[PDB]
S.K.: 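After the structure tokens below, expect a handful of questions from me.
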Amino acid sequence: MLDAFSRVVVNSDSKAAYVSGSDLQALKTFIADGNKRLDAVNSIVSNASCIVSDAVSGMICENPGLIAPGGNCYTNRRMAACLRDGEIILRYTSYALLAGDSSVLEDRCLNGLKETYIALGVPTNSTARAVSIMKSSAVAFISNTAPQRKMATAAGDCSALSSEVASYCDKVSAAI
Amino acid sequence: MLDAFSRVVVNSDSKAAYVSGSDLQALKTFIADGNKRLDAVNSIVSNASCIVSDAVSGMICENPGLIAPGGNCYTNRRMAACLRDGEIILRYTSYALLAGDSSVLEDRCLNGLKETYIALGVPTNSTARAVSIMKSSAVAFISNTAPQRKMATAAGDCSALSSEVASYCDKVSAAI
Amino acid sequence: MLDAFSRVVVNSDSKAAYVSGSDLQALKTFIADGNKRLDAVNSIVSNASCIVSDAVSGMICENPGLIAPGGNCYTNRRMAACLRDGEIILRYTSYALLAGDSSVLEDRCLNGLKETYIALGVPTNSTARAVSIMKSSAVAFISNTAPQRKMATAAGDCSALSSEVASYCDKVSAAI
Amino acid sequence: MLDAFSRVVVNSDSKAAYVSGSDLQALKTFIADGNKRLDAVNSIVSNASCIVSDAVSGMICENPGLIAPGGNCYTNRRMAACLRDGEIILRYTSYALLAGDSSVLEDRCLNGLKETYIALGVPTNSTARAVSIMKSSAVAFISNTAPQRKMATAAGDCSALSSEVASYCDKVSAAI
Amino acid sequence: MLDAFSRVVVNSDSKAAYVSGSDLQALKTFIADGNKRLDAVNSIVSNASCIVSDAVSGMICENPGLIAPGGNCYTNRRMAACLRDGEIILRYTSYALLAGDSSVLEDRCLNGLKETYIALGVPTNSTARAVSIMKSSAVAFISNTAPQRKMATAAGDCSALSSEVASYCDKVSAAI
Amino acid sequence: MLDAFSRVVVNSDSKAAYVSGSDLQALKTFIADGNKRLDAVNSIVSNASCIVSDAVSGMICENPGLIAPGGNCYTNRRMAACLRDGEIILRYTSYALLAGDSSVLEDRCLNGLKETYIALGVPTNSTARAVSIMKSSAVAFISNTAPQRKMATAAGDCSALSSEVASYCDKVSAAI
Amino acid sequence: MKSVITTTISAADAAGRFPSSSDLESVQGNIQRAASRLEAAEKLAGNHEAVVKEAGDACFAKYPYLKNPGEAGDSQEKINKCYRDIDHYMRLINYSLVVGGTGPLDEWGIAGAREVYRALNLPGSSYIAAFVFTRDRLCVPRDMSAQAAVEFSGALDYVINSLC
Amino acid sequence: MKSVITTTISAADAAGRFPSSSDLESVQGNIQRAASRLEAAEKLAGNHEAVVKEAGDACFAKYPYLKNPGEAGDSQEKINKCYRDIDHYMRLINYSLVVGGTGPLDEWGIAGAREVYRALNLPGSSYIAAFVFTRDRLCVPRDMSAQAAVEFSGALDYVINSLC
Amino acid sequence: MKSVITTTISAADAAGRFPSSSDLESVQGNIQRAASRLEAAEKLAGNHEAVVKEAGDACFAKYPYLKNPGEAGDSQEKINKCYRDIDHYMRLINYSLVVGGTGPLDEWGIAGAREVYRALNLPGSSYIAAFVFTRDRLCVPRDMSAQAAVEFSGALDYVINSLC
Amino acid sequence: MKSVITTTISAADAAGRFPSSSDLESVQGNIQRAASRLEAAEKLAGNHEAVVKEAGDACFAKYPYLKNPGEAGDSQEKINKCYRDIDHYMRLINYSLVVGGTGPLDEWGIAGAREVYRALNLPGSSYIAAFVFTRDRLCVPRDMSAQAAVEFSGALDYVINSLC
Amino acid sequence: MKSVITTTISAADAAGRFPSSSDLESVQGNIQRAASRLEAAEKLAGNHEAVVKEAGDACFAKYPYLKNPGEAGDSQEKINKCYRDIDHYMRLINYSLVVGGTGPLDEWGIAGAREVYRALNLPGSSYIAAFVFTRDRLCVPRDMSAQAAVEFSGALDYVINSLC
Amino acid sequence: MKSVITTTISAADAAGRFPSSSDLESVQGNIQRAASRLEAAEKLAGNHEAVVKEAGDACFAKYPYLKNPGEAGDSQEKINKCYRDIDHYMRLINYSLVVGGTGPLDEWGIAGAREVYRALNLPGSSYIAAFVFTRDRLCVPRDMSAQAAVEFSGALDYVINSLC
């Protein structure tokens, strides 16, 4: 797996170049925002159960056929598998946010996830809706706008990390 | 896997319905023919080696190319593999007859059997012929019409079970 | 796997024929040339590191893009993988030369090698060039025409074994 | 494993004797009390969680040092594994009751259990106390004398089955 | 595993000494008797099932308690285990004879065989009797003095190989 | 595995006590010396090959019988096993130094090391000598008193970390 | 899935053997039982609506705290979901009685139910109270025969033990 | 020892579950078929010597070549071993009827019998002839009831299929 | 356990490598965040009795039904055990802050707590309520510094998510 | 196909090594013994029809019971199949002599032959009789040289041991 | 790529857990050490050509035998390849300093390096001499800060240990 | 110890079979090639001291840099250890010639030699130069017969390939 620093290194290695001043400056900015990134990861992981359960519940409430017979959330077994796969997606999104790069997300979660869900019959649209509700909840927790949870953090702009979380969730949704 | 009762509850689960009176009556008829089915299974099992060896020998006699060089029954290794496959198919057919449902047969024998036989070069026509001879002999054993072996059972009509065995063998033949 | 004798037997087994006089005489020629064949295998194996290193180095020298970033021989890991693959190909070629048959090579090295290289991104042209240099060096060692290393053998004609080595290397090249 | 019938067979096989009339009569007695034995097993399993949790709680309340630091039932991990061990012991006791023989218990639960507990530092006295409380509760459920749960069966004498349960629990205690 | 040449090398390695002239002469004698050794190994292996049945049947006839109930050769399962063990011991004795060294036998058959037999309850006296009868039959086949079957070999003294076979069998008996 | 903080926690867990002020101050001292500890680990790992090779070579030079036939360092296989053995010991010592606790060293290197060495015939006196030479060299590298290699660090008293390394190596020596 | 027939056939298949005398004997066990479990199943199917309503009423009466905001029964939609879950469990019990084994329950209402109820803040004690009320409310022979009652209470106890 | 009870308990233990409704169901089937298989076992145990004698006589009458030198049965001791061999098989069939499963047969007369019989040159056709004669000699109810006959012939057929 | 040092050393040992720049860097982070996490641990150790009492009072106030007979907390001994296991969790949180990872919590209070609480009918929502009250009761900078509060609330949220 | 060359090459491939001195030495042994085994193969290929017919005649003379109804060889078709099987085995023996190893026999006549012969009621004693007659019928130097005879009888003994 | 972030995330993923306090602590260490790491990396990137020239000159000065025929530096082409190899290693060291771990070095210059150098007759002592010269040539504070020097010398020592 | 005998016996044991025609054929190859390889072994054993002296002299003449301080051979003890290492390798080559396979070499000089020589800064090129000089220095039949020379040079080339 790659982080932001390893991503920069890989990009530099494709050119057989030492890490340039611009890439070094980008990674220095990453480091200077590192405390903000750690707070964002803490916000996501401290409410991970809430995020996953709320997203699955919203996906079901918007698509009640999921819990109907033949639906993919009927059968508590399938519900637990759905909550588990949503928690796994959020876990890998948090890994990507902590690393600053989506390599871990794609390689360990999204590679073959679309094919796996097609084989299982997991609905792509409902999974995308769940991932998008996770996106909104995680973004709110990053910006501490979550109406039902206020993580005490120093005042500042974390919209870059919120956009990063949104981009990781979009990558998950586009993978499936 | 699924038996007849589990097949009924799976069909009922498709509509979130409790097992209806008609399905309960069908399963009560299944139970009332319990020894009908059990004597059928005993007839198949007690003559399983007879059935398999006779079917493979008949398939070979009707297709002498199978024991010619390049044929799939030449090389005692291949012939024993053919006898083993006949025994396995008859075993799963007996499983389906005992369960009153073909789910065990399909899932544990027929799933991928066609692709496996294509990969190994096993002739589908000769396999179908052997399975059909197994079907005829097994049906004869169900109805106690085997010329050389009679099993003592109470007088009755086991045509439903003979047709069920025939249907399982047709499922085997159509799977390949 | 098969050898020359096993190949003759397999060919005879196709017609349900005892090994004919012509095939027996061919295998007697194989045995009468067996000392030459052992000479050839010894000449290859005693210079295996030489052959593989020279072939990979020449493949790199004609195509310096292989060691450039993004090339398949950049990254000492990939370089060692390339040297290992050259050694494996030469080892299976030596197996085929010792056996007098290409079954070991085709079944244990070339089987699935082309698709493996395609998936890995290993360039087929560069691999073919390396195998061709291995072929030239191995044939020179068979004929004791290597400029920098002469192995003492009794005077004779091993052009049949050199042609056999070239045929195995051409089989390697055609497989990819 | 062995059941009562297989135990009779093993005893008869020790002298190469066909199962005698007395052993056959004992087995018909086993069969005649078979419904009572099934009801006893149902009583144990339907209250298995009650039995195990109550026994472990009684073990802890009579030896409050088990939940103190250094105690083997402090640390929710060690305690949940205590509950699991009680459940396993009760499961194999129920297996022995259903089989009418302690062979399954001795071979699959008690064989090496004492050495395992010694290695882990599991107190054998506390384990024996928990097993004895399980014995009391299980016997009460067999006799339907459980103070906080009555299971209705047709009136009759099942002191033999409760004695069998007590004997299996005593075998567990003696093994440790 | 070690052979006679490997044994000589190991003995020389303990002194950090090149293989001495006496050891080289001993190995040259081994090679000169190599055709005799192959003769002997062929005689043993061509009658392997003969020897094993001879030994196990003689051991059973001398000690009829082995096939009585509770005996270690009663129950066709145990009988086949005994026949398999006799075949394995004969196979490793033939390995030792072909190698001219006990290393393979000691390391792969006799290593832990005594404790395994003690744990299983295999009677060491009966196993030793079977091994001694195998020794007698194998010695007879080496010297071509078996009353029922003779194997055509050139006239010569194979008493050294017969003594080697006897030594391997006595080593088996000592191990157990 | 434990570190200094986890060691303190485990010690306080034995008393069901929150981490006391004295232990908290000890861990604060550990942290304030953390930069020195990282420098010490860097000094060891940056010279790990030097330490291991020098220690094994000194053990050989003081005990030339180890490389004689029958010695435990004769046979390059055994010599490389010894070098890797010492490298593993040094690696776990460095783990202990980094963690501030010998738990990782004991549990993952020394647990069963003495029995393993006895079974393999590894001389415990020679192992202790090699470990003691490792101890002296590692302590010199901690204190930057190595004659042939100096590492630029801040001036200060690292005798605590040198004594910790000595204690871990003495634990290794006492274990074997 | 899990039943007498499925268990014995799976054992035979694992051993790779034809159904022997023991498998037929087990199927005869299914035959003899059927009547009772099938009867219990028929009564449950014909009287589930009332039984589910009574179980839910007992569940919410024993734990009125569920109606508090932030709890599993704070909204009428969530109360209806609770009654629907009790209906699902009763239907799985009916399926188990028809099948003759805990198969349908294990597969569709037990496997993963622990994780689901943890995630959705659904206390297992509420389901336990509902099923305990259903089990103790059953009366012989006004509701079913003694052995049909044995099957019904055994299925309910299996669910309860799965939840506790 | 494969039987109904052992099979269901082994399945439950492999799944790590308490005996459920299906296991009790299977044991109930064991109870129901016990009368059948135990009557068959009573016949076999009370009349085994004559049954074994008839089976051995049929085996040697179908295969008189067995008396030829080198063949199994060329000596009086080997003929007695043949009759004892069939006696062992009949005792194992009695055991199978007692347990309601092929466990005793599987573990004591079938496992390894193939290797033993090819090693000792004992043709399986001779055992098959003896057991086929025993099976076809059985008469209802001259020998035993219809269901006891079913159990006895099922055990004999299991042995025969094990030998072919 | 599970900490920065433990994690990186375990990774190095799994790869069989000496501690490298990354492991020393991670231990450097241990050094840097130790100040805040140890201040949080020190405050928790010095005022744990009041915090534990408040958490237990909040747990019983949100769920008075625990006082009802048959529930966890229907006796003064069980209420004392409620406060005792709340104290156990808070001590494990102190241990986690001292260690720098959730190791102590994971191994001593979380692992198996699911089975324990299911078996003993201890609703995890009550523990969740106590820990949520502890987390939201925390005041900055009255109780501890902002980063010490972050560490303390992170440990509490880890416990909460382990229960929910 | 097991032979000297295949055995050594497979061992080297399993160890991942080039053919070393031992592999070339084993192939040299193949060279040395090829004269005898190929003489045996040539003689068998040239006179196989008489050898096969004669082994079949010996097999049916030792076991005339095979002509009885219900036995292998009860019809002219099955007798011809017996002679064809002996021809197949002799051809596989010729192949084994050609390759210098039991490979062709192992893979084409021995593997699964046990199951085939048990399923089709083909006694191994009949095949053993045919091959023993062929082995003891050979005469030196009458039919082949001493070492060609050694290889031919070794192949026959290998077949017999595979059947017994 | 082996780094603090990747090591912690890989450990968490192997345990299947969300990033915890220890993971964030390790990333905090990455943050704190990044200053010296990136200072060393930037200096190496800006002055790598001179550093590589000096390292190659020292390598060939300590081992003039490399210029002998049949050795690694027997031509200007492979002398330039030696300098290019040193440049590759220095670029990988720059990557390691940027990344915060030996990842780039491990995966791109160390993995398989031993096999390549043995196969190409490249003595590891020459690389070791170049890197030792680079390590001992570094001057503080002239070339970089003390901690940047620690990172740079640690990367060089890691390469050296990978070669020796 | 890899030899013809050990390789074939290990193959047969892995397949669990008695020695067959191919194994005896391979041992016949042992017999055939023993004359040449044992002649080579005898010549090497009788003249090993001078051969080792010449090999070490050539090794140190090819690489005089080995005498420089800090290099392998910078002391008389290290030069003596170099000559002793060449003696060890020649003794293992004699053992390989006696054995008929690379077994003694593989187990006692080659396995782990890579790690030993990397750890002790022993350039494999020095060993390679010594063995290449020994191989090219051999004269036919001045030193040994043509085939003994083939075996000796084969063992030397095997060592060289193990080092390169």
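Computation of the quantities below employed the complete heavy-atom set of this structure, encompassing side-chain atoms and omitting hydrogens, waters and symmetry-equivalent molecules. A, B, ... follow the sequence lines: proteins, then strands. Residue 1 opens every chain.
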S.K.: Parallel under 30°, tilted from 30 to 60°, perpendicular over 60°: which one fits the rings of E:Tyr18 and L:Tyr95?
M.R.: tilted
S.K.: I'd like to check the salt bridge (charged side-chain N to carboxylate O under 4.0 Å, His left out) partners of E:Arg7; sequence neighbours left out, ordered by chain and number.
M.R.: E:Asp101
S.K.: Please report the C-alpha distance between F:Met79 and L:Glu115 in whole Å, then the side-chain angles of each, then the deciding distance to 0.1 Å, and finally whether the side chain to side chain contact (heavy atoms under 4.5 Å, CB included) criterion is met.
M.R.: CA-CA 9 Å; F:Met79 182 50 174; L:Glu115 289 68 47; over 6 Å; no
S.K.: Quick one: are L:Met1 and L:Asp106 in side-chain contact, heavy atoms under 4.5 Å?
M.R.: no
S.K.: Taking the side chain from L:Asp143 and the backbone from L:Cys139, do they hold a donor-acceptor pair closer than 3.5 Å?
M.R.: yes
S.K.: Identify, with sequence neighbours excluded, every residue that meets salt bridge (charged side-chain N to carboxylate O under 4.0 Å, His left out) alongside C:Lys150.
M.R.: none
S.K.: How are the rings of L:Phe131 and L:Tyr89 set to each other: parallel, tilted or perpendicular (split at 30° and 60°)?
M.R.: perpendicular
S.K.: Should J:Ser26 and J:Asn30 be marked as a side chain to side chain contact (heavy atoms under 4.5 Å, CB included) after you check the CA-CA gap, both sets of side-chain angles, and the distance that decides it?
M.R.: CA-CA 6 Å; J:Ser26 309; J:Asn30 213 35; over 6 Å; no
S.K.: Does the side chain of C:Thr153 pick up a donor-acceptor pair with the side chain of C:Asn144 at under 3.5 Å?
M.R.: no
S.K.: Which donor-acceptor pairs under 3.5 Å do the side chains of residues 22-31 of chain E make with protein atoms, sequence neighbours left out?
M.R.:
residue : atom : partner : partner atom : Å
E:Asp23 : OD2  : E:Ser20 : OG           : 2.7
E:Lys28 : NZ   : L:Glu42 : OE1          : 3.4
E:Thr29 : OG1  : E:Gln25 : O            : 3.2

S.K.: Test the L:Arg37-E:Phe5 pair against the cation-pi criterion, namely NZ or CZ under 6.0 angstrom from the six-membered ring centroid and within 45° of the ring axis.
M.R.: yes
S.K.: Does K:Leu120 reach the side chain of C:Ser57, with side-chain heavy atoms less than 4.5 Å apart?
M.R.: yes
S.K.: With a 4.5 Å heavy-atom cut-off, do C:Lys36 and C:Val41 have their side chains touching?
M.R.: no
S.K.: I want to check something: taking the side chain as every heavy atom from C-beta on, are L:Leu156 and L:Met90 in contact at a cut-off of under 4.5 Å?
M.R.: yes
S.K.: In chain order, what residues pass the side-chain contact (heavy atoms from CB on, under 4.5 Å) check against L:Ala129, with sequence neighbours excluded?
M.R.: L:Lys62, L:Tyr63
S.K.: If we only count heavy atoms from C-beta on, is the K:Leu66 to K:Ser126 side-chain gap below 4.5 Å?
M.R.: yes
S.K.: Would you indicate whether the side-chain heavy atoms of C:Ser143 and C:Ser159 approach each other to under 4.5 Å?
M.R.: no
S.K.: Can you tell if the side chain of L:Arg118 reaches within under 4.5 Å of the side chain of K:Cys164, non-hydrogen atoms only?
M.R.: no
S.K.: Determine whether more than 12 heavy atoms belonging to other residues, nucleotides or ligands lie under 6.0 Å from atom CD of C:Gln148.
M.R.: no
S.K.: NZ of L:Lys43 to CG of L:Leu97: how many Å apart, nearest 0.5 Å?
M.R.: 12.5 Å
S.K.: Going by side-chain contact (heavy atoms from CB on, under 4.5 Å), name the residues that satisfy it together with L:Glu54, two or more places apart in sequence or in a different chain.
M.R.: L:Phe133, L:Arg137
S.K.: In terms of relative ring orientation, are L:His88 and F:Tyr74 parallel, tilted or perpendicular, with 30° and 60° separating the classes?
M.R.: perpendicular
S.K.: Using ring centroids (six-membered ring only for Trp), state whether C:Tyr92 and C:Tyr168 fall under 6.0 Å.
M.R.: no
S.K.: Short question: side chain of L:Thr8, backbone of L:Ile5 - any donor-acceptor pair under 3.5 Å?
M.R.: yes
S.K.: Look up atom CG in C:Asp85 and atom CG in C:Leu90, then write down how far apart they are to the nearest 0.5 Å.
M.R.: 12.5 Å
S.K.: Would you say the side chain of L:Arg135 lies within less than 4.5 Å of the side chain of C:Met151, judging by non-hydrogen atoms?
M.R.: no
S.K.: Suppose we screen for salt bridge (charged side-chain N to carboxylate O under 4.0 Å, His left out). Which residues come up paired with C:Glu164, at least two apart in sequence or across chains?
M.R.: C:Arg37
S.K.: Where the side chain of L:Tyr83 meets the backbone of L:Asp57, is there a donor-acceptor pair that is under 3.5 Å apart?
M.R.: yes
S.K.: Is the charged tip of K:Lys67 near the ring of K:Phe60: under 6.0 Å from the six-membered ring centre and within 45° of its axis?
M.R.: yes
S.K.: Could you verify whether a donor N or O on one side chain and an acceptor N or O on the other, from L:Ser3 and L:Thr6, lie under 3.5 Å apart?
M.R.: yes
